[PDB]
Structure formats: structure tokens, C-alpha cells
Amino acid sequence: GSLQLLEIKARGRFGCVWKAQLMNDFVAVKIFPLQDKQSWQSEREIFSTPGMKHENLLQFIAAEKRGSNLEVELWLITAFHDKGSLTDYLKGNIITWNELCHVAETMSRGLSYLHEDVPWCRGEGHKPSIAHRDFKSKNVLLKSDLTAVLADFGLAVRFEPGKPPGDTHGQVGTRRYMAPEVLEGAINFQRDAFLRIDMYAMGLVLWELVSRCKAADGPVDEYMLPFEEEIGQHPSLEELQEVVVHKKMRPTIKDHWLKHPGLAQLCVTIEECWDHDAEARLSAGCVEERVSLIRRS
């Protein structure tokens, strides 16, 4: 190769992302140990679906089966986004209202577009809807200009009559971002149903953005993960089930945030996104449109 590995950037779930050098540029190389072949094959099949060339989805370069028995590593080469992920960005920066609006609209744009069935993409073919299945601020990367890029499709599932998937399990996502349906183990293998599970998680990602924005007044608090403040960064299926399902709670929307006309309307939108009733949640496309028209306020 002229592929030259440089440094570890992210420790992913089933794989590990290296900054790497290719030709005169950088590329991200995710390395799967050989027991995670089926995450590498899942993830490469998603990237290989028609119409996945899109400004707000991570871009695919190559998948390499580096060898034969017991030596085999599985490499997946995508574009490298130096600015990194949204969660670490939020960890170290407080963002402007224009930046929030831009990351919110491009992030819902890339999600609505993942979610979208496109009868035909020229030279390529049918793009079915795709549910992410692990949507979170770790999995939203950021361009130089803060444009959102969705990443990490190792759990994504296509809704394509006739091309079925492999083993698809019920509770596969990061626990903190799990819709109550999911926590309770109750999930129809239907497109609308999975989409709405993604939308509950984008709701919490929106919250995270709002929580580190300069909100024309009060001080801005240090970044926390959804529910890190209520239970832990981690604690289990059982505590989330209390706080999220039984007691009905969500990350606090601060009173003083409501005195900004933009943030007031974005929080209304968040609350519809993370509604207990799955059927009451907005689609990604309706969030993209909302965000656009709030910017315009």
C-alpha cells in the first residue's frame, strides 16, 4: 500500500479507527479483528448500496481482506474528517447559534436521507430506506465547516423487499440512546418502526447540541452525555428502564434556554422527537425542514 497508518483516532465498537496516509492525503482506516468479520461485511454492504454517495454520509473508499488464516485483518477505508466527532467536539467547544443550526440541519438532512427510499439513483439503482440502529453524537463526524457526516453503519439495516438481511437482533444500540420500545424489547421489523427508533436518538443528539450552544444569555454548562446526569455514563438496561420507561424522564431542558426564540422552538422539536409514543415522533425530513425555518425566524 501507500496506505500508511499514523495514529489511533477512535476506538469504535467492533473495530478501531486509525488516522492513515494515502497518497498525498489522509484516509480513516477501521480495523476489525477477524472475529468481527461480520461487522466489516455488514458495514461494507451498507456502503455499497446504490445512492450512498451523499454529502452528509461518510464516504467509502475501499474494503481490504488483508490476508489468509489467523493473519487476516479486515480493513475498511473511508474519508478522514480531521475535526472528528460531534461528541468530542461538544466536549471541547461551545458552539454559535449559526453552527448549531448548521450541524442540526445537515445532521437531519444526512439522517432523512439515510431513511429515504429512492426508487432509482442513476448508474447505480435502487436505494432502500436504511435504519442506522446506533445513532449518537459519536457517530456524527464533522467537516472543516461543521457539516455533519453520519458514520458507523455496522448495525444499519436496509428495508428492501426481496434482498433480506443477515441476523438482525432487537437490542443492538448504545443503551443511553435506546427508545422505550427498545429497552422493553418490543420491536416490529418494520421500516417506520426502526426509523422512529433512530428519531428518539437524534432527539437526544439535538439536546446535546442545544446544551453546549451560546444561548444569547446564561452561562453554558460543561458537556454531559444524555442521562449521564440522572444515572451514569453507563449503568444498565435496568436503570434506563426505570428512568426512561417507567418514570418517563429525559435530559433537562433548562428554563433560561426557553428565553431564546430559536432554542425554544428547537426544544419543542426535541420533545416531539423523544416522545414515549413512537407514532408521535417526527421524521428526520420534518426535523430538517423545521431547523431550516427556525434559522429563518
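Residue positions are given as counts along the sequence shown, with the first one as 1.
Taking only CA atoms, the mean B-factor in the PDB entry is higher for 181 to 189 than for the other of 109 to 117 and 181 to 189. Mean C-alpha B-factor is higher over 8 to 16 than over the other stretch, the pair under comparison being 8 to 16 and 284 to 292. The PDB entry gives the largest Cα B-factor of the residues 28, 31, 63, 57 to 63. Residues shown: 226, 170, 218, 128. Highest C-alpha temperature factor in the entry: 218. In the deposited entry, the Cα temperature factor of residue 138 places it in the middle third of its chain's modelled residues. Ranked by C-alpha B-factor against the other modelled residues of its chain, residue 212 falls in the middle third. In the PDB entry, a CA B factor belonging to the highest third of its chain's modelled residues is recorded for residue 166.
Ranked by Cα temperature factor within the chain, residue 86 sits in the middle third according to the deposited record. Sort the modelled residues of the chain by CA B factor and residue 154 lands in the lowest third.
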